[PDB]
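Same protein, same chain, two forms; see structure 1 and structure 2 below, as structure tokens.
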Structure 1
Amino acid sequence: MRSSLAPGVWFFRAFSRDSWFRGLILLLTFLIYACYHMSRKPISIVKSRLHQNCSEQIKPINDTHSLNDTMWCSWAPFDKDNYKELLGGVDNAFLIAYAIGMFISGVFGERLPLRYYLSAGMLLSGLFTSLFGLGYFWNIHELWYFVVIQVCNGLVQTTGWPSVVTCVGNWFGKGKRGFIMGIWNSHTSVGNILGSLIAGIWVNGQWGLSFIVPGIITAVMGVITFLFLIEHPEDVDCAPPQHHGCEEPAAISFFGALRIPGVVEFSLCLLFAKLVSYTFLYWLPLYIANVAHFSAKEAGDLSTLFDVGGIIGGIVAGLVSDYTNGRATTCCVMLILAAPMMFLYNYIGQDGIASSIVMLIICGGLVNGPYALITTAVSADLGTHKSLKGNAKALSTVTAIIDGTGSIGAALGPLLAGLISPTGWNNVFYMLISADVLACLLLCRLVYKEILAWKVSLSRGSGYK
């Protein structure tokens, strides 16, 4: 008898129509690239079952031949003395192929529709992931099966990142990108944790089923993204974005994307800033079990907080980057301050667990912050750059160049972390601080431009345009 509209459908009423289509994509691409990080994780959990030292795990009585020195419990290509080498090659053939084949998935992204391209990539990314664990049921014992599958999976997994940031760059304007994409980047941690939680169920058991369920969830999301993806904001005919400046512009040439004046320096900064976050997280279990002496459990517990620091730092850097209008001055002051604070972690970290939480969150903040900021905000900034003057379309080629040079660092991670490791386990810690000066020195020209632009903005005294 008294209508008085309900507070929920009065709150949901206030949002405009083309402010719902922005909320859909920013959710949908949150689930698409959280399923790419789910299918990469099951080879770093089942690393510890394909060798399986038989000190524990007592023997069911079937064979008593030659005492079975780590060949009873093990999988047959990975059973002898060379298992760190043979399991190194399998994990290395993915990292080489994903970094070489990323540059091609940029120039295929702008020449194909992003719903027929991002949804064939997910089906093949589920298939080649699931064949790895399907090799358990077929009882396959050969190196060149598990190598070739990881090669094809590394070539297929690269259709994901040039398409997702293109979809979330066609919608959102220049207004807030450090805050919204900083909030948004928690999918690369949600995916790692939900991969570590799913693939670890069927390990210590039927390990070939650790690969099939994350391969099937990706192929189901690859058909949900075929049905509900709108790549341009003019397809539903609501509103073009806040990008200032019938037919569609022709895509850029690959040599033209290196001409945009900030790509090949942010690129070489990201190559050297991914290597820091690799070799610190490599050096850390060498520091726990040799100096600190905490446990064997805490080494996998502190690596989670080193990532939680990253999703705090990615939004703090984004807020400062938006409200101050400098994107390479934030990435320099966030990388300068990590070297004295990692020396401080080296000097304080011998103490209890109360000092190993207030340091690792800050370390993940200062190290995984510029990675997120460079890989999304300045990557969707330089794609829609003003020098293209509207008569070009280069948004998937720049975000392929920057991330495919950032993946050369992850590919050169374990090739150098295994080289100087026999000469002393405290010798990678100099590679850390060398790369944290290289990554800072590759931004000095950008920082000089950002400071020089403030003199013609602040000395004018609230001037004209």
Structure 2
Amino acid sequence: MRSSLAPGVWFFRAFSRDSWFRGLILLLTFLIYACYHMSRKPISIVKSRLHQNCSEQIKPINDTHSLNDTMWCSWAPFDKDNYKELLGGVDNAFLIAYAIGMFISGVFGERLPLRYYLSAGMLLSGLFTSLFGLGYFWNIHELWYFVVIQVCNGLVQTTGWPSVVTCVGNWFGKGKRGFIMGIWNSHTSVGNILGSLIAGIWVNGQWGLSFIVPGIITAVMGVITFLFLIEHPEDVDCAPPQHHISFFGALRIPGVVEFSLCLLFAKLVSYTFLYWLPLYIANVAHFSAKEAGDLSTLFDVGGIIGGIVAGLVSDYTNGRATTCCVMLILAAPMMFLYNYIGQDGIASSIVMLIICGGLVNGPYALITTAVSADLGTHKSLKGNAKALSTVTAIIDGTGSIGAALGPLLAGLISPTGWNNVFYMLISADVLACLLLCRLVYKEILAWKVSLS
């Protein structure tokens, strides 16, 4: 009768029954959509391996050249002078089929059960990623094989996000916001920050195992999701969350017509860093393809902090739009200085990657809730759920056209120098920071009430 309860189980018994079921559904859907971004990454890390320089390459013992070849280093379709323009098509042959997939998944998406539709997405997303890596063993040398695998990997892998938002919205109720779901939104950057560390291993050597291993980890987390997913909280009998064509008319609203071209510009800037940075940092600093991949991750370790800090500060100050304009208008001088003096001493680049990763990938997770907060208050009121569904089908529609216009435009300027790429990416942030004609003009208008 002398020994009391231990501190561990006395801590663990404080939490209610509901607060464990709304607590493991964050740990499930964290590791689901992190494993999606781990799958999408290694096409962007192996680009400095499919074409390379035979001058620094040692001569082979096995005679596979004809003494004037210099094409036995390169993989075979990516061999000529256009190794940057024939690869910028393979980069968005995934993204165009992804942008069509997000639009079709707004029709045939709710008509299937969620656990049978998310787990058959993570299995056919781990199949088609690895058929891209089995091209190394079957030594297929054709451009028309590596594209159809991408156009079918883009159309399958769109089952990830519109299932995760419903699985969390059934437990928490359409737009929670706090410190916990500020941590949960780093699930799309943890995926990139360990999709480069895992895939990087096999690069120098047999690169076919850079696509097979993240094509099997996604296939196993497609089984774990099939065994342990709970859609609606009435299943385990927990508590429900506590509650709170017309297209031509939709262009007449003073809303969408200036935010559709603000999600187009924002994602340009983020996705060209997602894809073409492990080739830039290998081409300028003259590293290998393991030192190019592992150095990039310091962009994402700033992308985490830029999502935490801008989420807290926009909760201390009411209105989540005036803290996006500051970071967008401040990102441009930092990436100009990073192109200016950021590739000689590593103490400069380890600072500059983290700063231009905080300032670019920060507001990316914030401007969507910022604009959806404004479009809730209109003459077309909150009761018209179909009207808000259609006018938020448009914004996230052109948001994914800004995806496909990123690396396609980056893979045609890049043979004319890298500096012209950063002029475009600096001009795009200032063209994207023109949301202030509406949201900032309303938010500073409502701060004079602090005088009263």
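Residue 1 is the first residue of structure 1, and the numbers go on in sequence order from there. Here the rigid core means the biggest group of C-alpha atoms that line up within 1.5 Å when the two forms are laid on top of each other.
Of the residues listed here (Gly222, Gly309, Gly208, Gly160), only one shifts its CA by 2 angstroms or more between the two structures after fitting on the rigid core, and it is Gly309. Once both forms are fitted on their rigid core, the CA atom of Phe94 lies less than 2 Å apart between the two structures. The two forms, fitted on the rigid core, differ between the two structures by less than 2 Å at the CA of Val147. Core-superposed comparison between the two structures: the Cα of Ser196 travels less than 2 Å. The two forms line up on their rigid core, and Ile104 then has its Cα shifted by 1.4 Å between the two structures. On the core-superposed pair, the CA position of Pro370 changes by 3.7 Å between the two structures. After superposition on the rigid core, the Cα atom of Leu419 is displaced by 6.5 Å between the two structures.
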